[PDB]
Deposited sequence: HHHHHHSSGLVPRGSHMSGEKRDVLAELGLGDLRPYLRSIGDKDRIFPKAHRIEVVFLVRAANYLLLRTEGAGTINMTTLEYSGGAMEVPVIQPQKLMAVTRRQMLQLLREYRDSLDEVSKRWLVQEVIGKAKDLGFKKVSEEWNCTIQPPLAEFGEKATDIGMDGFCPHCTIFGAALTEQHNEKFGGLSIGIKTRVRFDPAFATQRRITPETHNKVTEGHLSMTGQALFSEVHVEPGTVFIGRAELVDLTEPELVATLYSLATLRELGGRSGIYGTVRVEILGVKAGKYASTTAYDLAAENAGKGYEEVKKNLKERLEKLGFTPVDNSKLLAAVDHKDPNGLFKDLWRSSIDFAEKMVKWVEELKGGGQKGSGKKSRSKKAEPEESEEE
């Protein structure tokens, strides 16, 4: 049958992936898959801080000196990527006919009901902001679950941590609107000036270098994660980044330890523009032992609107995880 990993150059990843139905899905394996990607601003990108300590600008140190560049912080990357997976899940849902819908209701939603989950309407939906605690975006990117989500969690707080960890994504050039009139206030303090980066306008064409580590994923979870990234376009919501981007996956590598970081890659490419960066990066990734990814092939090999395509296996994988999670909670709570 169909083998999307083989269609992409990605067959050698298999030994490193988890299998749906594995009794030990909750137990971690001591390896990771690095994914390196590019984010390019189509129009202007607007960056906004969200609370004390959040940043839009950061320093790249490199051979010729130091430059402060725009940066997309990890929790913004999380927010937009998970919001995209969620939208793809909604479109999958809306692609179902009566036959495939009953599959979802009976084989997925029903199974979730049996497992104690409360958000089990036959009309499926989840948010990014309640959450069901069993859908692919919840299980992959994480959630804080309580008795509100699952009737078996009385007196318990159950945390799912993300299995997709983002580096910050770093711009290679300081291409921002010169702006002196941002203003922030709190009580009797106010702040303005050129160096206030509460809001940043990143110029069209700016490229950011990104990296993520993907751990303990199954095949469809991995592919759907790559695909959610690759299909990012309109960014918004409440995540502090707003505008249109194009994202390209450049390469993956499995290993016990990471071979690179977004920061180092960007620093290597300080001052350089899109085409030069992409060229340099492709070479660097090859030297680092990365398997190239054909972003165009990725987009075509996955049809999230096919009722029996990858997103079916994604849902199977998610409910599998959720089952193992519930079992783990019951087996480790120590009675009661």
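**Q** So which bits of the deposited chain never got modelled?
**A** 1-20, 150-162, 370-390 are the stretches of the deposited chain that have no C-alpha coordinates in the structure.
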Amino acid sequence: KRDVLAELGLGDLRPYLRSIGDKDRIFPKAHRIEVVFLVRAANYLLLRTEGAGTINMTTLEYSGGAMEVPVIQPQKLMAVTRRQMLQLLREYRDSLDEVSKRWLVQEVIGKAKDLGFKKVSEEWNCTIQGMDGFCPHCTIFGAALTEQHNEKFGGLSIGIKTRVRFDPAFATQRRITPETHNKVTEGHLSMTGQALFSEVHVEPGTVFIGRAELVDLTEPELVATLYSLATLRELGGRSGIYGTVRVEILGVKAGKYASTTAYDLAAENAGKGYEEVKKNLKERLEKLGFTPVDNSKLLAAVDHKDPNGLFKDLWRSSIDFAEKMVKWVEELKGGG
From here on, numbers count along this sequence of modelled residues.
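**Q** Higher mean Cα B-factor in the deposited model: 264-272 or 29-37?
**A** Taking the mean C-alpha B-factor of 264-272 and of 29-37, the larger value falls to 29-37.
**Q** Comparing 69-77 with 215-223, which has the greater mean CA B-factor as deposited?
**A** The stretch with the larger mean CA B-factor is 215-223.
**Q** Could you check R83, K118, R165, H201 and tell me which one carries the biggest Cα B-factor in the deposited entry?
**A** By C-alpha B-factor in the record, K118 ranks first.
**Q** Among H137, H149, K161, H181, where is the Cα B factor highest in this entry?
**A** In the PDB entry, the greatest C-alpha B-factor among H137, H149, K161, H181 is found at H181.
**Q** Test of reading the entry: by CA B factor among the chain's modelled residues, which third contains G336?
**A** As the PDB entry reports it, the C-alpha B-factor of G336 lands in the highest third of its chain.
**Q** Rank-wise, by C-alpha B-factor, drop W315 into the lowest, middle or highest third of its chain.
**A** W315: CA B-factor falls in the middle third of its chain.
**Q** Using the B-factor values recorded in the entry, state whether the Cα atom of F208 falls in the lowest, middle or highest third among the modelled residues of its chain.
**A** Its C-alpha B-factor belongs to the lowest third of this chain's values.
**Q** Sorting by Cα B-factor within the chain, modelled residues only, which third would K101 end up in: lowest, middle or highest?
**A** Its C-alpha B-factor belongs to the lowest third of this chain's values.
**Q** Ranking every modelled residue in this chain by its Cα temperature factor as given in the entry, which third contains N295?
**A** For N295, the deposited C-alpha B-factor lands in the highest third.
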